[PDB]
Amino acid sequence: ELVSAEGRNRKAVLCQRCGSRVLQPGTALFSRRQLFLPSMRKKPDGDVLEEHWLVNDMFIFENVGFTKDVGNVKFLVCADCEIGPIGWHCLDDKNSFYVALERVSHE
């Protein structure tokens, strides 16, 4: 109901806390890569997730925030309410941004 025949997101991706629109439908690819994401918290413990929306560029995002670059890694957070991490990003791989399905909502 969420992944298309082409493997894209059939529905819009949004923040589960405030409803902020993170991604428009059909702009990301489903990915089963294992990534550890600290438990959801305010911007300033976790889970190894294996279901993500793979985004090619941060410009593709509708609304999204990034944490202070630490260890070549930046966590994605809701741009509006700032709760996260809803995603993950390794700076070495400029064109790979991941948004964990469990950490977001869909409409």
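So that there is no doubt, residue numbering starts at 1 and follows the sequence shown.
Gap between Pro44 and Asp45: 4 to 9 deposited residues without coordinates. Comparing 22 to 30 with 61 to 69, the higher mean C-alpha B-factor in the PDB entry belongs to 61 to 69. Mean CA temperature factor is higher for 70 to 78 when stretches 70 to 78 and 32 to 40 are set side by side in the entry. Which of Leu91, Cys15, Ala12, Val99 has the largest Cα B-factor in the deposited entry comes down to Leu91.
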